[PDB]
Student: 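Right, I'll just put the structure down here and ask away after.
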Amino acid sequence: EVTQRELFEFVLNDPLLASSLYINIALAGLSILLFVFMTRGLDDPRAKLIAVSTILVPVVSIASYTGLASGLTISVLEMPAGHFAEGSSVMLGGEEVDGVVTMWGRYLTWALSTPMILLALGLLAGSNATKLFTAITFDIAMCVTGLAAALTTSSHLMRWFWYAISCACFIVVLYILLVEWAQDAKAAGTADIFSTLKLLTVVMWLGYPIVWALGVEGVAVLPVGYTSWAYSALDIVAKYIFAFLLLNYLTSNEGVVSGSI
Amino acid sequence: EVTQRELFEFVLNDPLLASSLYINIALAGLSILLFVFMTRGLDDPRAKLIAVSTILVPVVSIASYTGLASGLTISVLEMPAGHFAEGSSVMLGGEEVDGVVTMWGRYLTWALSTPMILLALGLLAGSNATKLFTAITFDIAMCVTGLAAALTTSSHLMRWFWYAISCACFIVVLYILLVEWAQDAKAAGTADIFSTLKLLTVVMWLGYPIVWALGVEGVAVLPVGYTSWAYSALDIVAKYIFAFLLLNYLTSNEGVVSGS
Amino acid sequence: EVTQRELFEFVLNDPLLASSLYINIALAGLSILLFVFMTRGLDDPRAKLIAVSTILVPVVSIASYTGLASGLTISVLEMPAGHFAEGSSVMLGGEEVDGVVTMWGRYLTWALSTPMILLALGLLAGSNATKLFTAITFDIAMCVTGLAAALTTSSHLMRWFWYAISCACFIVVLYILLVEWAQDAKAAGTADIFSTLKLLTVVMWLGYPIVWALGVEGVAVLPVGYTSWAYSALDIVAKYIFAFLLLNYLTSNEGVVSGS
Ligand SMILES: CCCCCCCCCO[C@@H]1O[C@H](CO)[C@@H](O)[C@H](O)[C@H]1O
Ligand SMILES: CCCCCCCCCO[C@@H]1O[C@H](CO)[C@@H](O)[C@H](O)[C@H]1O
Ligand SMILES: CCCCCCCCCO[C@@H]1O[C@H](CO)[C@@H](O)[C@H](O)[C@H]1O
Ligand SMILES: CCCCCCCCCO[C@@H]1O[C@H](CO)[C@@H](O)[C@H](O)[C@H]1O
Ligand SMILES: *C/C=C(C)/C=C/C=C(C)/C=C/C1=C(C)CCCC1(C)C
Ligand SMILES: *C/C=C(C)/C=C/C=C(C)/C=C/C1=C(C)CCCC1(C)C
Ligand SMILES: *C/C=C(C)/C=C/C=C(C)/C=C/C1=C(C)CCCC1(C)C
């Protein structure tokens, strides 16, 4: 019964929710412009690959956040028995609707952007194709099983089982970042910048499953609006500032990563 | 709740709609047969890569069009206030239903076929991996944001914002075709044939956002039936004749494109 | 009206259906741990690429089967006129509901796992990029048109048309497996292991379109519960035992697949 328009209007009229969404559409757009400008002098094909992969992060982000803001990738789901958000109401259109406003579109943002973050980092670290393939495939599995968890309403236990599977995939990604590429970067001559970006990425990425657990999808100590801002704040650092820092290094060290595709 | 059968029946009984879909299903099938025949002499792995990528175009087209013809990838959507198609109704089953018959399945056709056209062109021009990656990623973003625009019913302005984002992605693809690959093709020794396929692709591709703006998705000067035929006509040229021209060149110049 | 919980409960409380799903979740899970353990000694990057691609098979399987078991990837569809399952009922929850419980989630299991099976096999056979690309693309087309067939309710004949398209794509994959990779494997020095894996794959894969035609999706001689177990039994072989065999060889011939 809930229409896209009703959800679009619910987001508007809800200061927290509206701001957490529209601020990122704005920051993503500005980031694209800034990043394109910064990388204008790049000529080496390998350097340009790192640049495009990084720039695709805010491109995916602006489109995906528009998906949420428009109401296209938002749904109202009723949580299963025992879920801390069970029996919640939302007030849409004009009546009280059972369920929780679920911004599942965020998982699309993650599924399409995290592979680009990983591609950029792997290339920076001088990774071989095997580790890149492993990091990217498990990263995608992580995001998709996370979406499945959020979309599951049949059983409370099932939701957390998906969450556990997602975490396991996340561990694969963390192992590659912390152990494999950490060492590869030394041979690539990007040890300093990779270690910094590696640590920044690990710290911020760890925040997502924590927010999931604490937010409306998990134990719900954080209401819908606050869960959204938690994710948007993480996104601002894990995507935009992260990309700005990587591009800052790249544009001053093209020769170091020049090599060959 | 409109059924898949009701939309399938709607396509039928509606001349322009039925013809625009089934004629492309038929042409796609015939194209695949012809292309397979045309390329049985190929032996070079690189020449064969270009050939398979090209043949995948009509393969995606026949499956995707069947998705539309069957009603599977069609939905009825109610446009937002201010949209020229808002207030429209359609006869489905035994009742009048509010909304517009939306052939969103066409976006699946484009999202799966355009990357193959780009891959064939890039390989032909001797493009490096970075440019191929750039062209294909932005091409997919263009098709997906285009689909998002067609699926947005909450706000008229939002629909056009998606449209703008999609256009920006399109500009990236255009730049690579017109500037980068045009130059790369000279080193690959395929400057002439690339020039022909490039001109064809750029002109035809530019037609899609125009049809979008004029059709039911946009200001609706073109009814659902004319919108479909407009897109179908473009597909015939951008897909089938494009593929023929490329394959006709490939089968006579296998030596030129042969490589790593 | 049918909720996710109702389909979730339908699977549970139905010994046949529940066993066919939850058993594969367990086998997939145990397989991942077993394979990771078995390959812990690999050092060569090419060998590791084959191992990870193979390991992703049970990874996709455990996630996909959970999608089915949870009810997330299951729907209730009413078959079209003429379909042998037309006018069927099921009793979702405690009410008699028209249609057939359709576990379309299986197609996601296939579309995501088969490419990994093919990439592993192709690499083992020392396939060039062209054949890998050809096999994988037509394999995905096969899975997606198969899904389209299962999801089509507008026409009985349309379902079989999709089926035909999917079969045509399957033939392409079979040709690469049986003719081309069989030859490549010789030059790669993996002829004997490939022969074993090739036979197992061709035989098991042939079973799916057979189960489709015989099950509720096709002529419906096999009820929903038996159709599920038929696919599950095939999965156990085409995925888990196939993976064990490939990995057992891989870890014993790391040097051969490395090259230099
Ligand atoms: C910066 C991103 C650009 C997207 C801008 C989308 C916001 C458009 C909001 O429009 C307004 O919405 C109200 C509630 O639906 C209507 O009552 C009103 O008549 C309409 O004018
Ligand atoms: C690392 C994460 C830890 C996972 C924690 C998951 C525990 C939630 C279990 O759900 C509960 O299970 C009961 C028995 O099945 C149901 O009766 C009840 O209604 C349901 O709400
Ligand atoms: C990493 C985060 C850990 C997740 C912890 C989630 C545990 C959920 C506990 O909920 C409770 O479970 C009981 C059954 O055990 C129900 O009877 C009760 O009604 C329900 O409210
Ligand atoms: C390997 C992990 C797989 C997860 C399996 C989840 C099983 C949890 C079943 O819970 C029960 O489901 C019934 C029907 O919905 C409820 O009536 C009952 O109250 C609830 O306790
Ligand atoms: C731009 C977005 C970024 C960098 C997103 C990162 C997301 C994750 C690391 C998400 C991880 C999750 C789990 C490990 C468990 C289940 C839920 C998720 C999806 C939040
Ligand atoms: C076989 C199909 C082809 C070649 C399709 C091409 C499609 C495009 C070039 C579409 C472009 C669009 C925009 C630039 C703006 C928004 C709407 C679209 C999706 C029609
Ligand atoms: C792990 C799953 C595997 C190996 C699945 C293999 C599936 C196929 C070979 C399916 C083939 C089909 C056809 C050829 C015709 C139409 C229906 C299908 C999808 C069942």
Side-chain angles (χ1 to χ4, degrees), chain A residues 49-50 53 110-146 165-188 190 194 197-198 201-202 205-206 208-209 261, chain B residues 129 133, chain C residues 28-29 31-64 112-124 129 132 136 239 243-244 246-247 250-251 254 257-259:
Chain A
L49 212 214
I50 292 176
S53 187
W110 305 339
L112 298 171
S113 67
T114 53
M116 296 302 94
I117 287 176
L118 256 23
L119 216 209
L121 281 175
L123 290 173
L124 179 67
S127 171
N128 64 25
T130 297
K131 295 176 187 174
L132 231 13
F133 174 87
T134 306
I136 293 175
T137 52
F138 280 93
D139 170 84
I140 293 174
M142 172 187 80
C143 296
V144 176
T145 51
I165 298 180
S166 185
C167 287
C169 294
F170 183 34
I171 295 177
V172 175
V173 177
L174 292 170
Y175 179 93
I176 288 173
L177 286 164
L178 296 171
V179 180
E180 300 297 321
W181 293 347
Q183 298 306 302
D184 286 343
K186 298 184 180 184
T190 55
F194 180 74
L197 296 179
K198 170 206 64 181
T201 293
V202 171
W205 286 41
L206 286 171
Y208 292 80
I261 311 174
Chain B
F133 174 85
Chain C
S31 289
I32 296 170
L33 297 173
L34 175 66
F35 300 161
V36 173
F37 184 70
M38 291 175 61
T39 53
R40 69 185 185 293
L42 283 56
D43 290 315
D44 179 70
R46 187 162 189 287
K48 287 183 177 177
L49 212 212
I50 297 176
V52 179
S53 183
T54 304
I55 291 178
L56 281 166
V57 173
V59 168
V60 168
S61 187
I62 195 177
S64 299
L112 299 171
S113 60
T114 51
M116 296 301 92
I117 289 172
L118 256 18
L119 182 278
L121 271 179
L123 286 169
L124 182 71
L132 259 323
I136 294 173
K239 288 180 164 72
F244 175 72
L246 178 45
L247 250 31
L250 183 64
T251 177
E254 182 171 357
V257 303
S258 69

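Basis for what follows: all heavy atoms, side chains included, without hydrogens, waters or symmetry-related copies. Letters go in sequence order (proteins before strands), and every chain restarts at 1.
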Student: Do the side chains of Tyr208(A) and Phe170(A) get nearer than 4.5 Å, heavy atoms only?
Tutor: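 SC-SC contact between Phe170(A) and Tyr208(A) ruled out.
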Student: Restricting to side chain to side chain donor-acceptor pair (under 3.5 Å), what partner residues turn up for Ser61(C), sequence neighbours left out?
Tutor: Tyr240(C)
Student: Show the nearest heavy-atom pair for residues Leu121(A) and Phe194(A), with the distance to one decimal.
Tutor: O-CE1, 3.7 Å
Student: Looking only at heavy atoms, what is the nearest atom pair of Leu178(A) and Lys198(A), with distance?
Tutor: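 Smallest heavy-atom distance, with atoms named: CD2-CD, 4.0 Å.
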Student: With a 4.5 Å cut-off on side-chain heavy atoms, are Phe244(C) and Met38(C) touching?
Tutor: yes
Student: Could you work out, with side chain to side chain donor-acceptor pair (under 3.5 Å) as the rule, every residue matching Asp184(A), not counting sequence neighbours?
Tutor: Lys131(A)
Student: Please identify each residue that fulfils ring pair (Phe, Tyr, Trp, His ring centres under 6.0 Å) with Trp181(A), with sequence neighbours left out.
Tutor: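 Per chain and number, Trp181(A) pairs via ring pair (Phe, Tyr, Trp, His ring centres under 6.0 Å) with no residue.
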Student: Which residues pass the ring pair (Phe, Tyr, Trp, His ring centres under 6.0 Å) test with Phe133(A), sequence neighbours left out?
Tutor: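 In terms of ring pair (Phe, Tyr, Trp, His ring centres under 6.0 Å), with neighbours along the sequence ignored, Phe133(A) is linked to no residue.
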Student: Return the minimal non-hydrogen interatomic distance between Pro58(C) and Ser31(C), and the atom names on each side.
Tutor: CB-CB, 4.0 Å
Student: Please check: side-chain N/O of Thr130(A) versus main-chain N/O of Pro45(C), any donor-acceptor pairing under 3.5 Å?
Tutor: yes
Student: Step by step, would you call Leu206(A) with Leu174(A) a side-chain contact (heavy atoms from CB on, under 4.5 Å)?
Tutor: CA-CA 9 Å; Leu206(A) 286 171; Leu174(A) 292 170; 4.2 Å; yes
Student: Where do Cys169(A) and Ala141(A) come nearest, in terms of heavy atoms and distance?
Tutor: SG-CB, 3.7 Å
Student: How long is the straight-line distance from CG of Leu112(C) back to CG of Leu56(C), given to the nearest 0.5 Å?
Tutor: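 Atom-to-atom, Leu56(C):CG and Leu112(C):CG are 10.0 Å apart.
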Student: How many angstroms lie between OG1 in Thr134(A) and CD1 in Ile176(A), if you round to the nearest 0.5 Å?
Tutor: 5.0 Å
Student: Does any N or O in the side chain of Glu254(C) come within less than 3.5 Å of the main-chain N or O of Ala47(C), such that one atom is a donor and the other an acceptor?
Tutor: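 Side chain of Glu254(C) to backbone of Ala47(C): no pair is present.
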Student: Look up atom OG1 in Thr251(C) and atom CG in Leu42(C), then write down how far apart they are to the nearest 0.5 Å.
Tutor: 5.5 Å
Student: To the closest 0.5 Å, what do you measure between CD1 (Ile165(A)) and OG1 (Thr145(A))?
Tutor: 6.5 Å
Student: Report yes or no: does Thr54(C) contribute a side-chain atom to a donor-acceptor pair with the main-chain N or O of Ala120(C) at less than 3.5 Å?
Tutor: no
Student: Which residues pass the side chain to side chain contact (heavy atoms under 4.5 Å, CB included) test with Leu123(C), sequence neighbours left out?
Tutor: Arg46(C), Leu49(C), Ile50(C), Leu119(C)
Student: Could I get the full list of side chain to side chain donor-acceptor pair (under 3.5 Å) partners for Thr114(A), not counting sequence neighbours?
Tutor: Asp139(A)
Student: Would you say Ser53(A)'s side chain and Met116(A)'s backbone share a donor-acceptor pair under 3.5 angstrom?
Tutor: yes
Student: Do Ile117(A) and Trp205(A) come within less than 4.5 Å of each other through their side chains, counting heavy atoms only?
Tutor: yes
Student: If you compare all heavy atoms of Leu247(C) against all heavy atoms of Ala51(C), which two are closest, and at what distance to 0.1 Å?
Tutor: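 Residues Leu247(C) and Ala51(C), closest heavy atoms: CD1-CA, 3.9 Å.
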Student: Do you know which two heavy atoms are closest between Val173(A) and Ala135(A), and how far apart they sit?
Tutor: CG2-O, 3.8 Å
